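Undergrad: Got a structure for you, written out below as structure tokens; questions coming shortly.
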Amino acid sequence: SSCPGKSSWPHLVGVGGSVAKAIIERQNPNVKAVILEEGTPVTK
Amino acid sequence: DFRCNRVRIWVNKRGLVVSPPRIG
Numbered sequence: 001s002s003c004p005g006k007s008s009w010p011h012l013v014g015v016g017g018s019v020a021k022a023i024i025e026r027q028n029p030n031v032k033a034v035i036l037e038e039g040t041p042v043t044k
Numbered sequence: 045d046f047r048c049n050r051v052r053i054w055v056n057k058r059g060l061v062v063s064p065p066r067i068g
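Going line by line, the protein sequences match chains A and B. Residue numbers for the first sequence follow UniProt numbering, so the first one is 1 and each next one is one higher. Residue numbers for the second sequence follow UniProt numbering, so the first one is 45 and each next one is one higher.
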């Protein structure tokens with residue numbers, strides 16, 4: 001099966017969190033987002 | 045719990061929001 005909605009967005013990094021939340025919530029009105037700072041080793 | 049219904053967004057104190065291009 002496949003998860004509908006934009007399964008992979010572009011790269012709005014630094015494009016304001018709220019902004020990205022609008023594009024993600026607008027593309028997949030069936031998914032929520034969570035804001036969090038950095039800490040764990042993320043894909044460098 | 046990173047499902048296709050939960051998007052995590054990271055933010056670097058540098059004053060930027062590192063949002064993962066993908067969901068989980």
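For every residue, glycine included, the Cβ atom is placed at its ideal position computed from N, Cα and C.
#1: Would you grab the beta carbon distance between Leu36(A) and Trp54(B) for me? Rounded to a whole angstrom, and I think it's under 8 Å.
#2: Mapping the DSSP letters down to three states, classify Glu25(A) as helix, strand or coil.
#3: Judging by CA-CA distance, which residue of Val62(B), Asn49(B), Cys48(B) is the nearest neighbour of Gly39(A)?
#4: Note down the Cα distance separating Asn30(A) from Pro10(A), rounded to an integer number of angstroms.
#5: Would you identify the three-state DSSP class for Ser8(A), choosing helix, strand or coil?
TA: Answer, in terms of the structure:
#1: 6 Å
#2: helix
#3: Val62(B)
#4: 19 Å
#5: strand
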